[PDB]
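By written order: A, B, C, D and E. Residues from 1 in each chain.
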Amino acid sequence: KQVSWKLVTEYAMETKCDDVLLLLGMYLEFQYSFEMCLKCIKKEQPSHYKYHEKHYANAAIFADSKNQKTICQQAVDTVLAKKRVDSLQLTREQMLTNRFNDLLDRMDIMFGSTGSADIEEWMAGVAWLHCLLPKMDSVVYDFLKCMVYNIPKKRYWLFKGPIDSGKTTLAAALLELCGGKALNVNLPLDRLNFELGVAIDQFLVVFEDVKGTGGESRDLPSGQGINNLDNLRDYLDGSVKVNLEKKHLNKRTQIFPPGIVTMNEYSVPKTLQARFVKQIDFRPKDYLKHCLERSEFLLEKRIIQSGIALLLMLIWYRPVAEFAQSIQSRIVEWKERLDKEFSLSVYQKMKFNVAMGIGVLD
Amino acid sequence: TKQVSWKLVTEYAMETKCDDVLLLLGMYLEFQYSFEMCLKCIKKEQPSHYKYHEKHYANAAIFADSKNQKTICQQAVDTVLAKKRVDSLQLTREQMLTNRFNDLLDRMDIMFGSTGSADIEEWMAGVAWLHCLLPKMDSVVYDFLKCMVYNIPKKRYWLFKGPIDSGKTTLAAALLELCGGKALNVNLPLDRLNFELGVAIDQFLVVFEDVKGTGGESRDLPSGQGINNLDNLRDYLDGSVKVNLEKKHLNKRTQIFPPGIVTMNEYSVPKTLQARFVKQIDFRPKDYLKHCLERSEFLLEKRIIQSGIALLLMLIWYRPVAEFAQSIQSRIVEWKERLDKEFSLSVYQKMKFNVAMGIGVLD
Amino acid sequence: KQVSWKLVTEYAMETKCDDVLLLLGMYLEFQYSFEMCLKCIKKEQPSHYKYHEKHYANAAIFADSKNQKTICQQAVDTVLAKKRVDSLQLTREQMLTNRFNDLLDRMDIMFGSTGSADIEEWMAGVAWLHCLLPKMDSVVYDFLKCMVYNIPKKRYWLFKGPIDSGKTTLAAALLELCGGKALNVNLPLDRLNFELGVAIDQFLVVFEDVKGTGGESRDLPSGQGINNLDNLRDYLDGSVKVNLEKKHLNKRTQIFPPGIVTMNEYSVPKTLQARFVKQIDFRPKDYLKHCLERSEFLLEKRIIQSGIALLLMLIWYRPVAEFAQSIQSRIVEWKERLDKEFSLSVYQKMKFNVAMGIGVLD
Amino acid sequence: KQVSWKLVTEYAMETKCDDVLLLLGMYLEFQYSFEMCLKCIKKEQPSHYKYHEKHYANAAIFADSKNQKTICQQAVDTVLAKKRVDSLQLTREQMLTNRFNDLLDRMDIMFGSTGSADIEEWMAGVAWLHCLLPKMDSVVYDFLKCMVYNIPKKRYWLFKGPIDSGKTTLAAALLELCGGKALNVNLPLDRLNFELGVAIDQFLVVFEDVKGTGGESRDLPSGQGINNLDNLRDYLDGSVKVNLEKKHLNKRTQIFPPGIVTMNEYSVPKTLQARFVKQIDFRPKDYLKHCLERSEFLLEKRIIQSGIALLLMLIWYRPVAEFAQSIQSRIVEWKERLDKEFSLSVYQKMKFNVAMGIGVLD
Amino acid sequence: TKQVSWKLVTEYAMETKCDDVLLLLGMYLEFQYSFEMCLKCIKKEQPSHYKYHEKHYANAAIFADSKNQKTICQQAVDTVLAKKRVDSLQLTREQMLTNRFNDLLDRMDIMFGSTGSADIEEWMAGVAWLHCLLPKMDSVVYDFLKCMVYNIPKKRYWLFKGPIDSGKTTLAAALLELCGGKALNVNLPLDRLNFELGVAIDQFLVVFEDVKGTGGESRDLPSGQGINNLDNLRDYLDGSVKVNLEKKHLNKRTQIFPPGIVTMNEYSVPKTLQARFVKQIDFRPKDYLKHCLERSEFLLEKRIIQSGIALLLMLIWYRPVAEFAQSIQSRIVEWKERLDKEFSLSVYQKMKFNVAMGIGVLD
């Protein structure tokens, strides 16, 4: 007759839910009969159907509790605590491995009998992405290594190029591939600290569309983004720990996460450039655009900016020995799944269509 | 022992989709008095009241004696907020719009029903006026809805541009109500931008109303910082990466910023920002639209032409049932029949004619 | 043995008290014996004498409570909840009607045997005000219609004119007549949202003495008031709901209230002028000035700036039919009272004195 | 059957944990059976394996508590209280000695049969660092003396030089060697006090990469860092106590900690220079760069920027007599360990390789 | 019983004048261990500890098991702050100074006693060096004290002005400690200005350290807003009307701002601001003072010349017993006798001579 706080926490931990309202909403859905539950029968959400039955009894009681929010708060704090421990005790490679396993879990479902994704359309995204930059699978691989090694002053990559050249598309994919947050430093430096606070315990960070000053010649608006980053050298450096605040108060002193900076060809101060271990210049390509025009599903289903598309790319191009030993078995399994559905020629055909700019699946 | 049921208050909040603690408190306290001698119920007036007073009388009676009224309402409101959060993350955007349409249809059943106070004839007149605001108006609205539903990266915002009193706000307000969402003001100092932007959390779409730019001294347009601010929010408009929205002195949600509309006078738009606008609609003042209104005061007095319900009526009247979500098609059919029963093509065409003539829409 | 929270709430509701400290102070007065209470017998304050005896028992216990503030907070929240429901469920005319009934209650007392107001001095105020603008009673009537109708983009009146021309006097009187708040937008926009939040659930708002820039010619100091208003087009239009915040405890998305803007002949951008349905230009008048010099009570007793003076004006000049059906019976009573105390010539004599610049009651 | 708050506090005290989420996370790991706990048997984390068995019983109960965060807060407050007492009552040498003992504790594990660190790779770091500046071990020794003596207006050292000259590398190592915080004063003054509040109860502080002006000729971006420092003369002097704040959390009036300032050779006002007892000019050296290119582990494992590398350097170079009496015996043990691991010539070869610009362990 | 005594904790805080919740928490937790073989008590390291461990052992043992440790300490600290508030409003300014002197003398009794670590000879050397910093130094200090005690409207602030390293901070810090008070920094933006000012609540005096002005760019002096900020705080320096000091998101106290000192380099001072300064002392660098220190490092290493105890020792050595408050006089006489037996006039004069010669003060 008493709610089990521990069970709510268990559910939060199992789904890695660190959103109090989301947790509250999800758990309240379990208060209803699992025997007569359509959400479970239709297998709509794993975070729901894989847990409804076990949590039914506790949820029924939870529904009558007067401290619902408080209970969920402790549950979420436990998830945050776990993330804090992992950030301090796991190797960065282990962190990425956990991320990859979560993505593979989503893949098993989305490409399984209860999924609505078409593996063929996703491989088409892999094809398009592999035409965006030279040796794309190596670019992605080298990025992962850079993020994992997290070497002082060799932690950031710069994505520079004209409008609609693919900077955000790839940055977004990489961000989802590794896990992390996108930060906006173009806003006033007043609320800057709080924006930077979002990076606490994150694997990596992406400073999106940072604006500079000298660029009115190229019809580029001026902003303080670049000046702001140049005032954050100890953040990009990753040598000394910085002081992040995320709760209207100082919450954590830590090495700032490594990451990416994307921008529109503004001038970059040498002091800031020294923080970028690699710079990639993106170039708009007619065929990529024309291909997208006839391959609308790549944007509508958000495939080319997905970390899942990048993960598939790695599974298709990279040798098993490069992946963490603990996950290799699972990788081999997906390599076999892919070979059984896409011959080399078929994939080559997709890339061909991209270069020709004529519908990837044509 | 006569203990108030928190679960019952929560159920009431859920059924009325009440996410306002004070509103919830005020409403529940009304169920405190006898259901028998209640003018509110017998005279109808408010569904959120008469459809629940009897069922909640007993619990409300106890609630009236509680020393934790606000706390109880808080948990009820949090449950409603939690449901909104789950839906924003788990429903398809089409399902979201469909839920919104069903809510509007519920209001329409009442307002145009026995206990209602609306005159369908006056609302259809609103449809007529709106159809003369832009070319192929019903297609403009349909295309807008698909854009909002598809939520395609960097192809999610429509720009409404034009002179004072050309219809930008009228249509934006109507679409905002049709889909559900919030209107944000980014003309205010960025020192409070995050707080305004935070209002977008869990919203279907957003409207950046009357954004001011620079270099507008030509058309006597006062300069402002709204355009510069939007250009600093490219990741918000793009909808590719999740943004960090703050609420209550604390970041409460990392999410893809909602798609939407930007309305503005004729200021210059930087290339970087223009790239985030999939479509631009140029609004133009029309004497006959003005003259028609002067003789059709009820359209403004009853807030009909700026209403999402007028647009829903338009969609029902013009679009094929097949274009609507499968789950609400039969409901759309009942309305098409209701409308066909109420108005012949001639009666409606006369309304559009009067509008084009700058005369009172009716008669 | 224990205090009845509901009783404190009933007192708050009956007195429409939404000020926690005022409520606390008032209820504590009821803890004393009422038998020989002079506040009661001399009927000094209705908020006191109509309730002391009834609340004595509960107040005596309240005085020994350890949660006085908390009890009154729930009471005030109930009052605020009622205002919230009313703002969303009553027609705007019903809102105005409720306000008029509250003013009439105050009038019943003021001009009653236990009141200290002289109805003749107040009618003198009506006379003076009726000489401030042409067809004043119609101006007030039209203003009320404008506020009730609350038509999109046709909701604000602009009071413009030189120093001491009567702008504030009339705006203050109208504010009290309808109920609402006066907002100062001449201060930094940084703390502007705070001020805008006071408009939550208000019937109308008055932006007092807004300063512009083009005014060197008239020795008028520059300010940001006009630019600030111009950044609030969606607030003035009243088409879409805006987002108001009343500190970290009461946010609200609602249509901004309609109202008034008063200013000193500064330049007004065409974009801002488009939000004003009517502009009234006030002019200083020597006789109005000379009259007041000889009718000091009009200022000392704050009569010409009172909503009660305007309500008396409407009662004297307007046809019963123009008032809401439910209040007409009461308006008739007051029309009879005014006719009993003032013949047409006696009232006309006050207007004569005003026009001639002499003591209104000469 | 009720959780022991004192035991959680003891665990926090033993691990010197002043991070509520970290504490919560670590203590929750103890709720699981330890009998066959691999984290324990494999001895992966001292903070875990040295306490799991002892805290299992209390932790199993804690897991069922509804006040987990509150329990952890009292525990963390105790750790913060202990640090506050220590900062006010211990001599600065005792503070440093306590830090050295904590570092030595980590060293016992790192280089132990259970550790993962290779003493050879760490001594290679000592060799590289010893080539960074002339008489490096004396530079570190003198720095320690300056920090311990904490002499008014003779407590800050300025590291100045071009990009990638070793300023941050050495400052980061000295910061970890002594314990303290790295502060960023390049950001706006708004949250300047927030950043400065981080210095509360810290042994020393490092103002990293302070931006100045008048450096356009050097292609150095302008900033307000130097200007900000010049407005903090009372902080740098350490004569009067200053007032530090951590929001509505922890406030404190204390003498500001002594420390380091690193910068890119901008101009320094005489007023500011007067607060720097010593200025070290760093210079890029081709061989140091070449050596690192062939000794990547020094950066990948963050060895040259480590306080442990510096402590090993002091142990190797400095006479036992210079260390605090209470720690001398432990220093002797380490000097014996090092002498056993490396002969004078074997260590000299490492320095030889660095000077030659080749792999340190080549 | 099994319950902690909050009253005892408060008593401990009151006796140690502890207004730091964390320090109080840390200190009381030390009493939970057996007093029997406590090393801290036998070694007589900290009075705040060894003089109370035995008495509080029992209560502390129970306190160690409490779940409301911080709450208990907060009530104790609040009591200390309440006492401070009462004293600020009800004691004469002389009594305030007297209580401060008595506290310093208590510290002197220990530091110069059998369990102390201070060398009276080294501190007397500090008096010697300081007496060489300005003409008639003992009279300067005396006059300063009278100015602070009298607290006369618009005659409450002294201005210390001079070049770098001339002794401004050295003397200001010593006087600050001698009288008790706070040092404020007004060179930082006025955003957090109200917060720094709040630090002066209930303080005897305030020191505005190193205030930067405009101009003076002719003497390599970086310009700042310090002076402009002080000129905007005229009602604070005047001390005629009460000002409103904020502390923790709210103006926690309306009071006469305390009197004090302002130190600065050679920047220009507006006449409006100069009018709040009753006395201006111009400090000047002296080679011999510098050379003396180079050969008397302990004066800086042990923070002697910047100490309030050095100035109290100076007053004791130079000032007539009659100048001290009646209540402390007998105590002052004891110290005068202690000093005379420790140092003959020629021995002290020799110290001043050495300073003047730029040689080690001692020997």
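Going forward, contacts are C-beta pairs under 8 Å (C-beta built on N, C-alpha and C of every residue); 3 or more make two chains touch, one makes a residue touch a chain.
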Lowest number of touching-chain links that must be crossed from chain D to chain E: 1
Chain whose mean Cα position lies farthest from chain E: B
For chain A paired with chain E, centre-to-centre distance based on mean C-alpha positions, whole Å: 56
Distance from the mean Cα position of chain D to that of chain C, given in whole angstrom: 64
For chain B paired with chain C, centre-to-centre distance based on mean C-alpha positions, whole Å: 32
Contacts with 2+ other chains: residues of chain D: 190
Graph class of chain-chain contacts, one of line, ring, star, complete, other: line
Pairwise chain contacts, counting only pairs that touch as defined: A-B, A-D, B-C, D-E
Residue ranges of chain D touching chain A (in the complex, touch as defined): 19, 21-22, 24-26, 28-29, 44-45, 63-64, 66, 68-69, 163-164, 168-169, 171-172, 175, 181-184, 186-188, 190-191, 194-195, 197-198, 206, 208-209, 211, 219-221, 223, 225, 246-247, 249, 264, 299-300, 302, 305
Chain B contact footprint on chain C (complex, rising order): 5-6, 70-71, 74, 77-78, 80-82, 84-85, 88-89, 149, 151-154, 189-190, 192-193, 227, 230-235, 237, 239-243, 245, 248, 250, 252-253, 269-272, 274
